[PDB]
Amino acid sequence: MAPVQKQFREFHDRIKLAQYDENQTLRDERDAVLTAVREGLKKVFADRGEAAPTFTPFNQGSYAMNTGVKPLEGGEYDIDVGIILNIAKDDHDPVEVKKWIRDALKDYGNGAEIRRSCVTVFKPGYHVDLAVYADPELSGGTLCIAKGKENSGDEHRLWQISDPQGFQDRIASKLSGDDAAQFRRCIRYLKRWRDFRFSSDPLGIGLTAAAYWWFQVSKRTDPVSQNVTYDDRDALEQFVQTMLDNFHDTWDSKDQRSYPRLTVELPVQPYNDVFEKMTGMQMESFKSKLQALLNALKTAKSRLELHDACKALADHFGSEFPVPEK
């Protein structure tokens, strides 16, 4: 009946990255970029002959929500930060606003770059994704993120209504206590699976939103003593089965075939499918790999030898998954 709970908890200990509130180093790297933006902006706007825009920053992403993992060797940390500029959205092209930040981050690190949803700045061993918002007061009450690239057409340049506070609050409030800890462990486990079996360029946000909809705690409460034990292997099995169950074969007219697609809405504005950017072929590979992980989660629960159980898990979770010698 070989259990694997101790092995999962040790795996968790190895992969987890402390969130911003417990990570001096992350805060320091964060604050450095925010400082370089403030400093940078003074020059960019001295040129324009205009007073510098101010901004309010906030923590975003997994280091804000305590779902962060350590990258594998060669991999990069992803420091996500929002900045709310004291500007009215209706008065500015969003890409143009993003240009102020890239130019402010001209010299800092290996430079800065304007992505579709953020300005990203590169440094040795990490990047910082700055999501750029217009001021809700000056912009008629909504918080809108700057969407669009430099090369992007007109209909793809926009201020999209967002709700990062709402999203973070739903992730943190879904469960509590040791139930919530298991939720977070299972997101992390799957982000290492991602880093191990997917190429370095199943989104993090995808699995997070997915767990919000479909994660269920797996624990046993002894009827007599009320003593609780968690079963992380079982929690992943049910969660992964539930995701697989929600793939829909979706016809693509252009390719004249169907691909299995997992759709997962953000539980807050704008309720976009967080996986919409994955192509049909990437979704098909995502599904096969999910099925193979499910198969190993089941194999792991029916091995006499702890070695054989752990090995089956290590083939999917990678070489930081502990495999005790036979």
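Numbering starts at 1 and follows the sequence shown. In this text, the rigid core denotes the largest set of C-alpha atoms whose superposition between the two forms falls within 1.5 Å.
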property	result
More variable segment, 88-96 or 223-231 [Cα RMS over structures in 7 other deposited structures of this protein, core-superposed]	223-231
In 7 other deposited structures of this protein, rigid core aligned: more displaced of 203-211 and 249-257 by C-alpha RMS	249-257
Unresolved deposited residues lying between neighbours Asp201 and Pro202	4 to 9
Entry-level comparison of average CA B-factors, 188-196 and 86-94, reporting the higher stretch	86-94
Mean temperature factor over C-alpha atoms, higher-scoring stretch between 205-213 and 115-123	115-123
Highest-ranked of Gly153, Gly166, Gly177, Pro71 once sorted by CA temperature factor in the record	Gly153
Residue, from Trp251, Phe183, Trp100, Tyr230, that the PDB entry assigns the highest Cα B-factor	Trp100
Among modelled residues of the same chain, the CA temperature factor third for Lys42	highest
Among modelled residues of the same chain, the CA temperature factor third for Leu143	middle
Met283 by Cα B-factor - lowest, middle or highest third of the modelled chain	lowest
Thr56 by Cα B-factor - lowest, middle or highest third of the modelled chain	highest
Assigned third (lowest, middle, highest) for the C-alpha B factor of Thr35	highest
